Amino acid sequence: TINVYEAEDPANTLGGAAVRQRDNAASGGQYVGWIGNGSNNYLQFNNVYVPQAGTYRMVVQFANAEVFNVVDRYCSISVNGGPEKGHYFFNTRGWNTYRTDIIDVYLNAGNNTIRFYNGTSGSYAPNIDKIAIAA
Ligand SMILES: [Ca+2]
Ligand SMILES: [Mg+2]
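Residues numbered from 1 in each chain as written, not as in the entry; some residues may be left out. Chains lettered and ligands numbered in written order. Heavy atoms only, no water. Residues with missing side-chain atoms left out of burial classes, pairs and counts.

Per the PDB record, the structure was determined using X-ray crystallography to 1.50 Å resolution.

Shown next as structure tokens:
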């Protein structure tokens with residue numbers, strides 16, 4: 001681990017309906033919800049800093065208890081305004097149950113942005129607790 005960033009960090013940008021909410025079960029006692037149902041309802045991590053250009057592992061801590069019978073939640077991930085990389089996040093079976101999954105990201109030396117969104121009407125990303133970047 002080279003850096004951890006809480007979703008609710010006040011440095012971050014929340015668009016639209018995305019919102020910081022309290023959960024004692026979450027890291028830092030908060031998470032970001034209502035990411036999705038249109039690309040304007042986004043979470044952007046600002047100033048994700050690494051010393052070297054390259055591919056890193058981004059460990060995402062999240063909750064997803066959607067049912068249709070559990071289902072995955074899709075999220076689009078854009079690095080530095082780049083093209084979306086889609087990820088299907090498994091079901092944690094409870095909205096207060098936070099697990100992790102890994103997504104590879106290409107970062108520049110210095111500060112980077114990472115945006116989480118889902119542009120599909122009625123479709124939501126998981127709730128995001130925090131991310132960690134590992135070299
Ligand atoms: Ca958190
Ligand atoms: Mg995985």
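Let us keep going from here.
J.: I'd like to hear about the coordination of the calcium ion (ligand 1), residue by residue, with values.
T.: Bound to the calcium ion (ligand 1) are the protein donor atoms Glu6 (OE), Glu8 (OE), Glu8 (OE), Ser27 (O), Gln30 (O), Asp129 (O) and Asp129 (OD), situated 2.2 to 2.6 Å from the metal. One end of the pair, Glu6, is in strand β1 (residues 3-6); the other, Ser27, is in the loop between β3 (19-22) and β4 (30-33), with 21 residues separating them in the sequence. Each member of the pair, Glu6 as well as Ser27, carries the same accessibility label: buried. (Donors = N, O, S within 2.8 Å, 3.2 Å for Na, K, Ca; no water. Helix = DSSP H or I, 4+ residues; strand = E, 2+ residues; numbered from the N terminus. Buried < 20%, exposed > 50% of the residue type's maximum accessible area, 1.4 Å probe, protein only.)

J.: Hey, could you go over the pattern of salt bridges for me, with residue numbers and the actual values?
T.: Scanning the model with the defined rule gives 1 salt bridge in all. For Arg73, the salt bridge goes to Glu66, with nearest N and O atoms at 2.8 Å. On the basis of relative accessible area, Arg73 is assigned to the buried category, the value being 12%. (Salt bridge = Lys/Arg side-chain N within 4 Å of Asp/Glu carboxyl O.)

J.: Hey, could you go over the environment of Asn37 for me, with residue numbers and the actual values?
T.: With respect to the element layout, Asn37 can be found in the loop between β4 and β5 (43-50). By relative accessible area, which is 35% here, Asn37 ends up partly exposed. Separated by 20 residues in the primary sequence, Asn37 and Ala17 place their C-alpha atoms 9.0 Å from one another. Dropping the residues within four chain positions of it, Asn37 is found in contact with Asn118, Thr120, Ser121, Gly122, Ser123 and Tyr124. At a separation of 2.7 Å, a polar atom in the side chain of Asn37 contacts the main-chain amide nitrogen of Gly122. (Contact = heavy atoms within 4.5 Å. Polar contact = N/O pair within 3.5 Å; in protein donor to acceptor, adjacent residues only side chain to side chain.)

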